[PDB]
Amino acid sequence: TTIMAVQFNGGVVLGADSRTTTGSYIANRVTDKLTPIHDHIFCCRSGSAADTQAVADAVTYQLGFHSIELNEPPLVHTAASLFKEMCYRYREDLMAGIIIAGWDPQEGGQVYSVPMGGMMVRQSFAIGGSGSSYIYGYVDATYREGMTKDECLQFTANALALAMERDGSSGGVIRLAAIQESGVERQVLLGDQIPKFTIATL
Amino acid sequence: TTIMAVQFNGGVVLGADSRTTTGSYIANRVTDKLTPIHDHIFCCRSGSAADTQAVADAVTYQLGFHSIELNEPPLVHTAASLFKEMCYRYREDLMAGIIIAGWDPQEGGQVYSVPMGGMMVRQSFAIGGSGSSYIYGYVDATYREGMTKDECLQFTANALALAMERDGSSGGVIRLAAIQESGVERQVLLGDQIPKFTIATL
Amino acid sequence: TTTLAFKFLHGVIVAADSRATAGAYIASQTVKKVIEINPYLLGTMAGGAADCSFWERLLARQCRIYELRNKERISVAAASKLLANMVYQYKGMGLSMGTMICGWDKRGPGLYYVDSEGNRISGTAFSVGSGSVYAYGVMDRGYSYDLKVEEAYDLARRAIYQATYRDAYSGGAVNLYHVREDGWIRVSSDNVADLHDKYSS
Amino acid sequence: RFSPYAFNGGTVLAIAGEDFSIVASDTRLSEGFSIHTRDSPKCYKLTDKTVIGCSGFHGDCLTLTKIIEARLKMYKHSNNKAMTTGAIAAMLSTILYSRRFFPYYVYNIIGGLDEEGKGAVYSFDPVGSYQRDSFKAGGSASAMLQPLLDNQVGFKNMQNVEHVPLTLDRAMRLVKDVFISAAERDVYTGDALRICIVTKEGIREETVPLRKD
Amino acid sequence: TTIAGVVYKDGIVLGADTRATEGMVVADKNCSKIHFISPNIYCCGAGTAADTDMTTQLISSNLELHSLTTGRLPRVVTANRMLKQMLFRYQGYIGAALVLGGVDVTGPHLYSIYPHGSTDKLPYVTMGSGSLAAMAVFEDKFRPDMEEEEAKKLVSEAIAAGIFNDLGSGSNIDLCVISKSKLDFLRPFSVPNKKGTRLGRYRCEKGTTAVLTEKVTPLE
Amino acid sequence: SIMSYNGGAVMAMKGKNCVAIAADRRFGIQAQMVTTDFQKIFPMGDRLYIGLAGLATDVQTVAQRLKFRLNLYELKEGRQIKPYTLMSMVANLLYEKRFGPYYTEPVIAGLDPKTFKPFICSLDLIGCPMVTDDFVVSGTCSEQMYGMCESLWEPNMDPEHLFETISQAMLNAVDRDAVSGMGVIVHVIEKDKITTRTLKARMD
Amino acid sequence: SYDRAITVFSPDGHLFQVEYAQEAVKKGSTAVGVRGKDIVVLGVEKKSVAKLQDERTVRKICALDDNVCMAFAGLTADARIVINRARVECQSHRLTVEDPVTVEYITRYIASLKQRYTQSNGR
Amino acid sequence: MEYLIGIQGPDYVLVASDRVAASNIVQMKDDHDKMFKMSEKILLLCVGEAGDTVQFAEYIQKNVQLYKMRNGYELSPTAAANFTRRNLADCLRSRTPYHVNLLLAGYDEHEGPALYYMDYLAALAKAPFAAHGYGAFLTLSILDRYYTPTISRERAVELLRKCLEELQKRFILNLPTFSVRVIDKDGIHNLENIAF
Amino acid sequence: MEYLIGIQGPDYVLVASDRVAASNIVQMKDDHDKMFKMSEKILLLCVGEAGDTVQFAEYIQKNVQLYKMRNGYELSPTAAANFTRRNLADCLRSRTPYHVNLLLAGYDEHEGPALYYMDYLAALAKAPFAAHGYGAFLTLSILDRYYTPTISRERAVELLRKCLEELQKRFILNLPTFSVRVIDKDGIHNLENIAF
Amino acid sequence: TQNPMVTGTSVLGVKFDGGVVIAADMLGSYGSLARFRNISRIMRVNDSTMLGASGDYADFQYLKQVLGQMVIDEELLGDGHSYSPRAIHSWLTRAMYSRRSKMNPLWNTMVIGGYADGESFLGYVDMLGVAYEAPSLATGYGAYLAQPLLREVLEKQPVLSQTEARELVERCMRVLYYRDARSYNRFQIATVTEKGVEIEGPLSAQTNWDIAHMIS
C-alpha cells in the first residue's frame, strides 16, 4: 500500500496504488483507495481495510450533516479534524493511516496527514503505507518548491511507480486525482502507461 | 547504517555512513565501515559490530595467505567467496550484511552482495543496512548505465545523504572510496560539505 | 488397562485385560498383555505398549544368556533387577511402563513390581493400570493365603471383570495365567461379554 | 520455529485369510487442504510372501521402505534365505524402536503368508509395538473401516450367524465397499484404490477408481 | 467451501459448492450455500456455517421490512451497508464471508464482504477455502460483457476447480443467475461426483440383533 | 476435549414412513463410569423426539429449556409442533448463547404431524441445522458412526428393517469407542405405534 | 597408546609369554588346598619371612567375598591386582543380581581376566 | 480429601461420610459432619471447595424450608434434586461458580427411597449406589460385586463396612471415623459411627 | 509420603521408618523396609524419588562393603557419612542427580553413637535427633520438648511412640506400621514393630 | 537453516510429448521487499536433467555447487554412465531428509525436470523429504493458483506439444503475477529435449488491467 498527496497553487494532487493483500495473497489487485468525502474533499486509505472504510463512511456522514447545517462549503481542516477525533479516540482499536487532501474557497489546496497515533499536521507533501518507506529518499530529492498542476501529476506518478516496484504489498495500477476550483478530475495509468525505470543488469 | 558500492568502467566507488547505535544512543559517530582486505579489495559492514569485524579480519587472513600461495593478484570474486563461506555456514550465529567491491587485473571493477542469508550475487550497484530501505526509490530512478568515476562519486554521496536524513540509525559522516588500477583513494565529507537538500515547510 | 498379579500357597496368579486405546478410539481388543518372557517367567503390559514389549524382550534375551553361562535358571529377584537397571538409564526421557514379573524361584513364589520411574518392590499382591483401583477392591475382600486353586481363578478373573465395568480404557477379554514350580500354564481366555452372562445367572 | 513432521493422509487396510492376504490403500497424497498427487500407492511389495503398507508422514514412509529393502538384502546375503513374514514383522519392530525419542510418524501394516501357508497380518504403531490379527485398518479413515470389519468379518453383535469362512471373492468385495464409503466421508481418502493380493502363487495388483473431489 | 460471483452483460451469476465439513470429515453432501436476501439479491456464504445463516436471515428480514415501507425494490448497496456495519461492530468475531450480488434499477452490483467488515466492489470475486483455485479460472478466461450461457460456464468451471483441488470443497455445483427480468435458481447444475453403488449388500436379516426389553405404545 | 468429558453418541435414521432414533446409555466422568441408565432421547410431542450428545449438564439443560419453550408454543397455538418448527427452535436456543454455547449436538428425529412425512436433522453447538434424507450422527464416535451408516443404510426401509440397521450401526460403532457404551436404547417411531427396545450390548 | 603384540605364536606352536608366566608361578611360594566334608582349607608353604618383618602384610590368603577366599603363588604384585579386581566383581554381581556370588562364577571371571591379557595389545 | 457413599434399599436409604476436615498436611477437625438436613426425610451430602460447600448447601437448605412454610407440605426427593441442580447449572457459566460434588438422599411417601448423584458441573443422575472422592475408585467395585436390589438394612451396613475397611487398607489418606445415617418411612435416624 | 525419625542416646541409636510404599492414591506395600544395612553397626535410611532411593542406597552399600574386604576393617560412622555425601554432591551438578533425603545412623568403637541428617542437595549435619518428610513438621516439636541428652532406651521408645501417635491423630496420610531398629555396642537389633 | 532470509516464490513444471518445461521468476524477495530482480533460480545439472527451486536462495546456491561438482566428478571417468533424472531426484530426497533429521534443514522446494530413454520425468522434493512423481507440478502459491489450471488441461488433453506446454505456462505465470504479492514479471523458461537442456533469457507476460474502470 502506497498513498501520496501533493499540494500546488490551485489545489491538490492525490495518488494511490491498488494492491490489497491478506498475507501473501492479493485479494484485490485493483482497489480504489481514493475515497470521496465531499465535493472537493478526498482521503487516502492505508492499513486495515475494514477500519479505513468504516471511518471514511463515518466522516462522510459527519461532514455531510455539518455542511448543510452551516450552509457553507466544508473546510479541508474540518474534514481532517473529524478523522483526527476518530483515529485518536480509538487508536488502540483502529489500524489506519489517512491522508486527507482537498480544496475549500477560504484557504485553497491543503494536505493533512493523520498516521496511526491520531495526530494531525499540514504538509506540502504526504506519503503513507508500507511502500512509502522505500521512496523517502526519492521524494525529498525530487521535490521542487512551486510546482504546477501538470508537474505534480508527474511527481506523484513517478514516486508511486518506484514504490510499487520494490514493495510486495504495493502494486497493481496507479490511480490519480486532481482537485481544484473547477472540480475533481481522475485518471488511471495502466500496465503500459506506468513510468518504466531501468532494471539493473550486467 | 547505510552502505553503498557502485561499479564503473575503471573500477568501483564505495560509500558508507558513520553512525553505530546501541539502541537509541550513538556509541561511535566516527565509525569507519570501509574495511580494507587487500591492496584493491574493500568491504562494507552492516549489522552486528562484533560479528562483521571478526569476519572481515578472518577473510584478510585467509585471502592474504591465499594470494601468496598462487603468487597472483587476488580476485574480487575470490574475496567475496571467503565472505560467502563464513556468512552461510554460521548464518544462525552471525548478523552480517557485507558488500564486497574491488578491482583485479583479470576482470576489473566488481561489486558483490552478501546479505543476511549467505548468498552471493554480482550487481552494478548495491545498497545495504537499515537506512538503505529509504533510498531504494532514489537509486532506481537516478542510476544511469555507463557513469564515469566523478559521476559515481556524486551518485553515492547524494544517496547516502538522503538515507541519513530519514533514518535514525544512519547519520554523521559520508566516507567515500574509489578503487582503480592506480590504487585506492579515500575522501571524507564533513558537516557543511554534505549534499544539501531542502526541507519542505509551509 | 488393568493388570493384576498375586501370590499364594499354590503359586502366582497373573490376570490382564486386552483393551488398547488411542485416545477415545479403541485400537485393539485382542492385545496379549501378559508378556511371555520365558517358560518360567511372566510379565505384564501397562502404559506404553512398545516400552513393555521391547525391554522385556531384551530381558528375555538377557535371561537366556544367563542360563547358558551359569547352567542354571535366573532368579525372579535377579530378573526384576536387570529390567529395573536398564530402564533406569533412560529416566525422565519419555519411557512409560508398569510391569509385574512373576515366577517360581528357589526361595518360593516370586512377585515384583517394576516401573519406568525406577521402582522395584516385592509383595503378595499388585495391580497396575488405569483400572487398577477397581481391581484392588474386589481382590482384597476375597483374598486368602490358604485359598484353593479353583478359588484363585474365580477371584482374579472377576477382579479384571469388575475393573472393565467401571474403567473406560479396560475391556476386551480376560486372560488368566497360573505360575507353578515346573513352569507357568495358560488357564483361560474368557471374553468380558461372555462373562457378563455368566455372573448374571 | 520448524516442524519436521507433516500429515499426508492415506488409509491402509489388510485382511488375512486361510491361504490369502490382502493389502489395500488409496493413492491420494495431500497436505493441508491441497492434493500433491492422485497417483501415490501406499502398498509396496518386499518379497514373494510379504507386502507392506505405510501411512502418515510420507517423508518417513519413503525412507523407511528403503531401510527395509536394504535390510532384506543384508539378511539374504548372510543367511542365504528369503526373509519370512514373521521375521520382517519382528525386524520392523526394532527399527521403529531404534528411533524411540525421535519417532517415525508412520502407521505400518504388514500382510503376507507364514511358514505354514495361512494369511498373516501384523499391525504397527509409530514406536514399534506389534501383534498378529485377522484384520486391521490404519490411517486417516481407520475409525471408519474398523467398525464394519468387526461386524462382517468378526461376526460381532450378530445373534444367529453360521460363521462363514473368508474367501478371496468375499474379501475383495468387502475391501472395495469400505473404501467407497470412506471416500464419501474422509477427505484424505479418494482418487483411486490399489489392492495387493498375496497368495501361494504370488503377488497380484488391481486398481479401482474412487471420488476425485 | 468454494463460492464465486461474476458480472456479465445482463446481470450476475453466482456459484457455490455443497460440501459442509466438521473438522476433516464431510458432514453434509448436499448443502445450500446460496442464500436468499431479496427477490432480486442473492448471497453466497463461507466461513462459519452458523454465522453465515443467522447474519443472512437478519439482513433478509430487515430488507423485507425496508422494501414494504418504501414500497419498492431494495438496492444491493443497502444489503452491502447492513452487512458492512454489523460485521465491523463485532470486530470479526462473526466469521461470515459473503459474496453479495443482485440487480437494481441502477444495474448489476457485486460485492465481497469479509468477517471483519471490509467490502470490495469487483466484476468477479472468490471467497472460501478453495477461492485460490476459483480465482485462477477467472484470471484466465474472464472477459467483459459476456453472454449468459458463457458466464454460467465460467463460474461452473471455477467452482469445479475448487472442488477437485481443495479438500474443503466437493460434490455438486450450485448456480444462481439474476438478470433484469429473469431469475434462474439452478440448484443442481452439475453433479461431477457420485457414490460407486454398493455391489455387496450388507442388509441385516430380520432378527440378528439381541433384544432385552420391548415396549409398544399406541398412538392416535 | 470438552465434548469427550462425558462421552455419548446419538443416531437418527430414515425409513419408508417411519423414523428411528438410537443412543447409548453410559453416564461417566472422563474414564470412570457412574450410571448405566441415563436418558439422552427426550419426547417432544408424541411423534417427535430429540437426542442430545455432549456435556451431561448441557444435555439436561437444553432439554429442559426446550420443553419450557415447547409447552408455551403449544398453548399459544392450538396445534402440535412441526419438525421444521422445532429444528428452528433449537437453532434459536443455541445461537442465543453464541459466545458461550451449550456443549451439546442435538439430533431431532420424528414424523411430521398431519402429513406423515419423515424428518431428521443434526445441529452444531452454536446451532447450525442441516437436513438429510439418510442419516445424522453426533457424539464422540462420530467417525465410527459414519462408517457404519454409509454401508448399511438403504433408501426405502420398513420399521423392522430400519430397526436392524440402526441397531447394528450403533453397536459396532459404540464398541470401538471407550467413552460410549453400557447399553443402547432405540425408539422406532411409526404413525400407529412407538416401539422402544434396549439392545444387548457389551458392558465394558 | 602402546599397541605392540606381546603374546605371539611360535614355530613349534607355543605361546612363550604364557609359558614364561607359568615359570614365574613355579618360582613362587607353595600353596596347597584340600576339600573336606564340611570345611575347605587352604595353606601356604615357604613363607621364608626374615622374622624381622610383619607377617600381617605378606598374607597370601585373601577373602574375595563373605563366602569366597583365595590363595596364590608367583608374582605377589600381579595377584594383588587380580584380587582387587575380583573383589569389585563380587560387589558388582550383587548390584545386578541380588543373589551372592558363587564359587564357579568368580573363578570364571578370574580365568577370563587372565585370558584377555594373553591376547590384548601391549599387555 | 473428602469421601461420600450412598446405598439404596427397597424401603430405605443408607448414607455415610468421613469426619475429616483437613488442611495442607494436618487434620484440623476429628468429628466433621458433611450431612445437611433438608427436610424431615431428605439429606444432602456436600463435598468440594473450601467455601463453596457450606455456602451452597445452606442456600438450598433454607430455600427448601421456605417452601415448607409457604405451602405446608415438604418437597419430594425428586423435586429437591432438580431444584439443587438448577441453582448449580445457572451459576456454572456465571462469574461465581460453585465447585461442589454433592449426593442427595431422600424418602418419598409415594415413590419410596431415592438416591441422586450430581457432578460439580451440575449433572443429575439416579443411581442405586454412588460414591464421591478418590475413595470412590476403590469402593465402587465392591459395590458392583455384592449389591442386590433386595438387600436388607443389616446387610447394607455390613456391605458398607466392607467398603470402609478398604479405605483403611489401600487408601493413602487417613479416614478413621464415619457418620452413618439411615432414611426410611419414619425419617432420618442416626446410627453408631464406624471407627478404626 | 514417606517418613523418617532418629533418636540418639548416650550409648545407642534408635531409628524408625514407615512401611508404606505409596503410588498415586493406593498403598502398594504394607511391609516395605526403608532401612539398609551398610555395616555391622551402620544403618542407612533413604527417602525421596521412586528410582533414586534404591539405586543410590545400594551403590554406597556395596562400596562400604568393598572397603571392608579390601582392608579387613569397616568404615567409621563419620567416614561413611562423608563418603555418601561426596557421591551426592558430585552428582548434584551432573546430568543425572539423585533426589534423596537420607538419615545415617551408626555406632563407633571409639566415639560411640552417631546420627547424621542429610538433604537432597547433600548437606551433612550431626544431630542428636532428626526427622524427614511431612511428618517431621509434626514430630520435631515433640522431640524438642521431651528429649534429654541422657535419655534411656526404655524412655526413647516411649518418646518414639509419642511421635507416632501424633501421626495417627493429625497426619493426613495413613501410616499404620513402623519398623524400629536399635544400634549399640553389640550391633543392629530388630525391635517389635509399632502398629496401629 | 532455521530462518529463511532471501526467498524465491513459485516454480512451475509440466511434461509434454518428448520433453519437460520448467519456469521460475527471477526474484529474490527479502521478507516483502523485492531485493534482487535479476537472479537465476533454474540450473542445468547435466544434458538430460535440470532443477528449479523455491524458498531460500542461499541454500539453493549450496545445492548448485554440490550437484555441479557431482556431474564434473562423473564426467571425469567417462565410463559411459550418467546420472538419470530419477537418480538426481532420489539423491535429492536423501539429501533433504538427512538434514531434516539433523534438525538443520535446507529451506528449499525443488522441481526436477528430465528426459532420458524417450521418457519424460517430473519430480517434486520437499524440505522435509517428501517426494513423488506428477504430470504437472507447482510450488508455493503456484500449487493453489497455477496447478488447478494445469490439472484441467491435462485432464482434457493428456499429451501436449512443446508449443502447447509453453503457452499453458505463460498463462499460469500471468495469474501468478496477478495474485502472488511476492512475484515478478521477469521469468526464465527452461526446456529438456533430446538436444539437451536450454534456458531462455528474460521473458515477460502481457498483463491486462481493464477491470480498473468497471467498478461503478
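We number each residue from 1, going along the chain as drawn.
Placed from the backbone N, Cα and C atoms, the Cβ positions cover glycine too.
The following features are taken from Swiss-Prot:
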- D:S30: O-linked glycosylation site (CARBOHYD)
- D:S181: O-linked glycosylation site (CARBOHYD)
- D:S34: phosphoserine (MOD_RES)
- D:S40: phosphoserine (MOD_RES)
- D:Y122: phosphotyrosine (MOD_RES)
- D:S134: phosphoserine (MOD_RES)
- D:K176: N6-acetyllysine (MOD_RES)
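Sequence features, as recorded in Swiss-Prot, placed on the structure.
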| residue | record | Cβ neighbours (10 Å) |
| --- | --- | --- |
| D:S30 | O-linked glycosylation site | 23 |
| D:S34 | phosphoserine | 18 |
| D:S40 | phosphoserine | 24 |
| D:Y122 | phosphotyrosine | 25 |
| D:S134 | phosphoserine | 16 |
| D:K176 | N6-acetyllysine | 19 |
| D:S181 | O-linked glycosylation site | 24 |
Between the Cα atoms of D:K176 (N6-acetyllysine) and D:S34 (phosphoserine), find the distance and write it as a whole number of Å. 25
Just give me the nearest neighbour of D:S34 (phosphoserine) among the recorded positions D:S40, D:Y122, D:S134, D:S181, Cα to Cα. D:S40
Look up D:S181 (O-linked glycosylation site) in the DSSP assignment and report helix, strand or coil. helix
Which of the recorded positions D:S40, D:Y122, D:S134, D:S181 has its Cα closest in space to the Cα of D:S30 (O-linked glycosylation site)? D:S40
List only the single closest residue to the residue listed as 'phosphotyrosine', chosen from the recorded positions D:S40, D:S134, D:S181 by CA-CA distance. D:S134
Tell me whether D:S34 (phosphoserine) sits in a helix, a strand or coil according to DSSP. strand
How big is the Cα-to-Cα gap, in Å, between D:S40 (phosphoserine) and D:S134 (phosphoserine)? 26
Inter-residue Cα distance where the pair is D:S134 (phosphoserine) and D:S181 (O-linked glycosylation site), in Å: 21
When DSSP is mapped onto helix/strand/coil, what comes out for the residue listed as 'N6-acetyllysine'? helix
With DSSP assignments reduced to helix, strand and coil, which class does D:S134 (phosphoserine) get? coil
Check each of D:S34, D:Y122, D:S134 (the modified residues) against chain E and write down, in sequence order, those whose C-beta lies under 8 A from a C-beta there; write 'none' if there are none. D:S34
By a three-class reduction of DSSP, D:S40 (phosphoserine) is assigned coil
Please state whether DSSP places the residue listed as 'phosphotyrosine' in a helix, a strand or coil. strand
Mind sorting out which of the recorded positions D:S30, D:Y122, D:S134, D:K176, D:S181 are close to chain J, meaning Cβ under 8 Å from one of its Cβ atoms? none
Taking CB atoms only, which of the recorded positions D:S30, D:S34, D:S40, D:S134, D:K176, D:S181 fall under 8 A from chain C? none
Which recorded positions (D:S30, D:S34, D:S40, D:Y122, D:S134, D:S181) come close to chain F, taking a Cβ gap under 8 Å as close? D:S181
